[PDB]
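Trainee: would you be able to build a 3D model of this:
(chains A and B, ligands or ions: 1)
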Amino acid sequence: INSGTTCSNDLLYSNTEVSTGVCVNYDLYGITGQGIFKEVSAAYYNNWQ
Amino acid sequence: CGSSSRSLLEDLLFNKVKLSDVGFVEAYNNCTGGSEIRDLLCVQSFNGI
Ligand SMILES: *[C@@H]1O[C@H](CO)[C@@H](O)[C@H](O)[C@H]1NC(C)=O
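Mentor: Numbers count the residues shown, from 1 in each chain, chains lettered A, B, ... in the order given. Coordinates below:
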């Protein structure tokens, strides 16, 4: 009860609601900041980066 | 003729130099959207410098 390795709804929303083209605040993958999402096509990223 | 008159040796001097006092204005204008990937002067300008 109330202590352990099996967590229930303690994690936040984690929504798929990317707001493109506007200035927002973000924390994705660990990095906090204030900026912009903007869609583009590029392919030097890998499936682990 | 019009008051936008450099000279030819002034052109050779003033084409190898990226950040003169007109490149700064035309790069600071380019901070609304990034529009290629990013710039460094926009990261400076949004941080007070
Ligand atoms: C400003 O942006 C436009 C399009 O985004 C580009 O064609 C131009 O070369 C840029 N100028 C500078 C000085 O970055």
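Trainee: hmm, who's touching whatever helix or strand residue A:32 lives in?
Mentor: According to DSSP states H and E, residue A:32 maps onto strand A:31-36. For strand A:31-36, the surrounding residues in contact (C-beta atoms under 8 Å, 6 or more residues apart in numbering or on different chains) are A:21-27, B:33-34. (Each C-beta comes from the backbone N, C-alpha and C, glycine too.)
Trainee: quick one: neighbours of residue A:36, just the number.
Mentor: 13 (other C-beta atoms under 10 Å in any protein chain shown).
Trainee: so in that sheet, which strands flank the strand holding residue A:32, and in what orientation?
Mentor: Strand A:31-36 sits in its sheet next to strand A:23-28 (antiparallel), going by DSSP bridges.
Trainee: could you dump the strand holding residue A:32 to PDB, C-alpha only?
Mentor: Written as PDB, here are the backbone C-alpha positions of strand A:31-36 (Å, rounded to 0.1, in the frame of the first residue of the first chain):
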ATOM      1  CA  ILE A  31      15.000  18.600 -21.900                       C
ATOM      2  CA  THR A  32      12.900  21.500 -20.700                       C
ATOM      3  CA  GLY A  33      12.600  24.700 -22.700                       C
ATOM      4  CA  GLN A  34      10.400  27.200 -24.500                       C
ATOM      5  CA  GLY A  35      10.100  26.900 -28.300                       C
ATOM      6  CA  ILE A  36       8.400  25.800 -31.500                       C
END
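Trainee: now it, how far from the centre of its chain.
Mentor: Distance of strand A:31-36 from the chain centroid (C-alpha atoms, centre = their mean, to the nearest Å) equals 10 Å.
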